[PDB]
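Consider the single chain below, provided in structure tokens and representing the form deposited in one PDB entry.
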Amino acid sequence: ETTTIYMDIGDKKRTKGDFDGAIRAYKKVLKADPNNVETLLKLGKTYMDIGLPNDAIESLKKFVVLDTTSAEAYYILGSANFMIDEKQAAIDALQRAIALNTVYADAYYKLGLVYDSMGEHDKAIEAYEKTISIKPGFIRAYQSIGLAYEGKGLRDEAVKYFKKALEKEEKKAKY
């Protein structure tokens, strides 16, 4: 019961943006139920929300030990690593997300962002092209390829991608 009561109190607080309060509630669940993976993930995300990525990483690591086959958890872990410039740690976690779900569009996209940040613009473009192969409406992937091409001085190819991103934006907006 403690687990249900306080998980529900925490979500309510997190939803209202009372992140310190949600943390207290989630901590209370984990007192009784240290292996609660759902709260480990919520706590991790909430730590990310208040700018404490190392604490996020700790909580997400605990999750992934207990449930090793959640692509989402590895995606989030990867994102938290990226926030503290642990770029290879981000890559590794995102590659595990992708291995678990090879059609995980968001993980491919983030992987591209991590490659871009490392100066690895050709692997970034590939990661972005994979993203669009999964979700052809993933606008930010067209935009990021566009900008990768601007970086390469392929300015007409960049404009093709910017126009394609616009086309997708317009189709979206008209529904």
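The numbering used is simple: start at 1 and walk along the sequence shown. Superpose the two forms; the largest set of C-alphas matching within 1.5 Å is the rigid core.
Chemist: I need to verify one thing: averaged over C-alpha atoms only, is the B-factor higher for 98 to 106 or for 80 to 88?
Modeler: Looking at the record's C-alpha B-factors, the answer is 80 to 88.
Chemist: Can you tell me whether 151 to 159 has a higher mean C-alpha B factor than 18 to 26 in this record, or the other way round?
Modeler: Here the higher of the two C-alpha B-factor means belongs to 151 to 159.
Chemist: Per the entry, which of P34, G146, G112, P53 tops the list for Cα B factor?
Modeler: Of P34, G146, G112, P53, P34 has the highest C-alpha B-factor.
Chemist: For the chain shown, is the CA B-factor of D49 in the lowest, middle or highest third of its modelled residues?
Modeler: Its C-alpha B-factor, which the entry lists for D49, ranks in the middle third among residues of this chain.
Chemist: Splitting the chain's C-alpha B-factors into thirds, which one does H121 fall into?
Modeler: Highest third, going by the recorded CA B-factors of the chain.
Chemist: In terms of the CA temperature factor given in the entry, to which third of its chain does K130 belong: lowest, middle or highest?
Modeler: CA B-factor rank for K130: middle third.
Although not depicted, the form deposited in another entry is the subject of the following passage.
Chemist: Once the core is aligned, does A124 move its Cα by at least 2 Å between the shown form and the other one?
Modeler: It does shift by 2 Å or more.
Chemist: Is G137 one of the residues whose Cα moves 2 Å or more between the shown form and the other one, with the core superposed?
Modeler: Superposed on the core, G137 moves its C-alpha 2 Å or more between the shown form and the other one.
Chemist: Does the distance between the two CA positions of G51 reach 2 Å or more between the shown form and the other one, the core being superposed?
Modeler: Yes; that C-alpha moves by at least 2 Å between the shown form and the other one.
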